[PDB]
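Don't worry about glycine lacking a Cβ; one is built from the backbone with ideal geometry, like all the others, and counts go over all protein chains shown. Coordinate-derived values only; no laboratory data.
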């Protein structure tokens, strides 16, 4: 009777039809990869090799189900992004907006013409899909224990900076900022730059937006790295005064959508224009001079979250940039 | 899974095609040289002798790539600065503005007519290029741990001064100043002069610019040494009232470019005039009476960062100085 997990853990209802310790190991791989990848450790997901699943695999977020389906390895998930990608590789949306390239497992001869290495098989699909779900479902993980833990971690790196931040900014300040930074899925693997930044900057600035924008600027090299395909910023498109015109001007201190939003019509019209997407493939980059980039993120949350963003103030300074165009219009 | 480096280290993706412990040793040499050279210790760069690099060498700044290329020792990097230097010795710019004299490795007979000792071979190129990249990429390293460390270091030298500074100015004050001083790559090997200076001066003055200018004056002998080639200040050129006229006058308390900048046109015009560079070789020295020398540094960041600067208030007092000229004009 005395069942005492307190908050419940992360559980994966893997079909027993598959199950191997290999998966358990793959999770360990994924977990540290997350540490590597984004600089963020992952709690262990418990494998639950449900005895009779018909290859159904279900993930439970302590324990809300997030995802179900029958993993039949007759399809693969091939996110090469290659020009050959077509219906043959259906680009399915996950709730996280990870895009899942469902391909015919037997169309590998096409995959062969490109990065066939991501032609996910049973085990890769589990791993990849999980990444596309759980790592993809970022920010959720950045809670208080996690942050404090991360602030205990790296004692050896200072520890005075670590402590100054504790002594001057405090966890609420820090947690807020980190939570905001992970929105762009910034890989925090150099937490210290953020800290080095913040201990000076945040003691002066109280604006949580600039306090992450400034930081993004400090981390600009990373950010550029995230999108500098082939050594230059890739697919860069400009959005400007169209928004400034009403929305900058109608900045209200109210943090709501109303912070900027004039009316849903302004928003709807902007989205209409967004349908005339600057990037027809969605492969970035919304370059714009906004601290209120957050709101353009909202602009693309409806319905094109797949497009990465960058503020103009974050622009690679004299960095070769592939400007491809501007919106034909976002004025109305 | 529990991968716990915290902030990631400095890694050099050296081709295995080269690799020898000699390089590891050379790094140790470079590291203390940096200590000697600039008075600043260097963290160790980890050698990563990538198995199959085609002599590609890539440096990762925890771990942002900074630099890649194929190190083929068929070229050398000869920064003699000699009059013979020509296309035969292509003076390539690194992002740091270190200039890299790519020469034909087989044109050593020209190098022979001058300081052939810097005709960098595989190992020297690695070392030299790294210096031209990493030491060249100064200031980044001057963080909190580093500063505090340096302020623990030399306990034996006072320790009261060290402590007074801790007790009166504090790390933010000190760190700021040090970070500014390293902008001119001042060799801090006599940190105590700075400290001896600051404990009095900074307790009165709150201007971070003068608080480094004053210090530069205190360190004037060094500074003169940096550029007193052949016993006199070399290639000295004067820039004056041209700037004072609008920019001193349009000092705003705003710390932005606008602190001085009238308009980008003023800036652009000044740069235009800068194209009519006072020193046709770029070999210094911008002599001018400015605390706002920082802004002339910005003036030459676009696009001639290679030229060293000196404020008039920092001028060698009755020190033989090779005045060669003035700008023909920076008035507009």
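Key figures
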{"quantity": "The protein assembly as shown: calculated mean residue ellipticity at 222 nm from DSSP helix runs of at least 4, using -39500 (n - 2.57)", "calculated": "-9500 deg cm²/dmol"}
{"quantity": "Fewest-first ranking of A:46, B:270, using other Cβ atoms within 10 Å as the exposure measure", "calculated": "A:46, B:270"}
{"quantity": "Label 7 Å beyond Cα on the Cβ vector: residue A:43 copy-to-copy distances, nm", "calculated": "3.0"}
{"quantity": "Nearest-0.05 FRET efficiency for residue A:117 and residue A:46, computed from C-beta distance (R0 35 Å)", "calculated": "0.75"}
{"quantity": "Chain A, rotation onto B, residue closest to that axis via Cβ, with its distance in Å", "calculated": "A:167, 25"}
{"quantity": "Percentage relative contact order, chain A, counting C-alpha pairs under 8 Å, at least six apart", "calculated": "13"}
{"quantity": "q = 0.12 Å⁻¹, the stretch B:152-305: log10 I(q)/I(0) [Debye, one scatterer per Cα]", "calculated": "-0.61"}
{"quantity": "For the stretch B:1-69: rounded, prolate or oblate by the Cα gyration tensor [a/c cutoff 1.5]", "calculated": "oblate"}
{"quantity": "Diffusion constant of the stretch B:137-210 at 25 °C, which comes from Stokes-Einstein with the Kirkwood Cα-pair radius and 0.890 mPa s, µm²/s", "calculated": "197"}
{"quantity": "Fraction of the pair-distance distribution of the protein assembly as shown above 50 Å, Cα-Cα pairs, percent", "calculated": "21"}
{"quantity": "The stretch B:179-222 and the stretch B:32-77: distance between their alpha carbon centers, rounded to Å", "calculated": "31"}
{"quantity": "GNM result for chain B, Cα springs below 10 Å: residue of B:64, B:79, B:92 fluctuating most strongly", "calculated": "B:64"}
{"quantity": "Burial ordering of B:134, B:29, B:236, fewest other beta-carbon atoms within 10 Å first", "calculated": "B:29, B:236, B:134"}
{"quantity": "Proxy reagent accessibility, fewest Cβ within 10 Å first, across A:30, A:151", "calculated": "A:151, A:30"}
{"quantity": "Normalised alpha carbon radius of gyration of the stretch B:216-282 [divisor 2.2 N^0.38 Å]", "calculated": "1.42"}
{"quantity": "Within a Gaussian network of chain A (alpha carbon springs, distance under 10 Å), most fluctuating of A:267, A:197, A:281", "calculated": "A:281"}
{"quantity": "Global geometry of chain B, whether rounded, prolate or oblate, following the gyration tensor of its Cα atoms and the 1.5 cut on a/c", "calculated": "oblate"}
{"quantity": "For the stretch A:37-86: rounded, prolate or oblate by the Cα gyration tensor [a/c cutoff 1.5]", "calculated": "oblate"}
{"quantity": "The stretch A:278-332: relative contact order as a whole-number percent, Cα under 8 Å and 6+ apart", "calculated": "43"}
{"quantity": "For residue B:291, inter-copy label distances in nm, listed shortest first [label point 7 Å out on the Cα-Cβ vector]", "calculated": "2.7"}
{"quantity": "Mean separation of Cα contacts under 8 Å (6+ apart) over length of the stretch A:1-156, as relative contact order %", "calculated": "20"}
{"quantity": "Pairs of Cα atoms farther than 15 Å apart, the stretch A:282-329, %", "calculated": "46"}
{"quantity": "Antiparallel %, DSSP beta bridges [both residues in chain A], to 5", "calculated": "60"}
{"quantity": "Beta bridges by DSSP in the protein assembly as shown, antiparallel share as percent, to the nearest 5", "calculated": "60"}
{"quantity": "Computed Rg/Rh of the stretch A:1-156, alpha carbon atoms with Kirkwood Rh", "calculated": "1.01"}
{"quantity": "GNM result for chain B, Cα springs below 10 Å: residue of B:256, B:98, B:172 fluctuating most strongly", "calculated": "B:256"}
{"quantity": "Inter-label distance, nm, simple model (7 Å from Cα along the C-beta direction), residue A:166/residue A:232", "calculated": "4.8"}
{"quantity": "The stretch A:85-140 and the stretch B:273-312: distance between their alpha carbon centers, rounded to Å", "calculated": "54"}
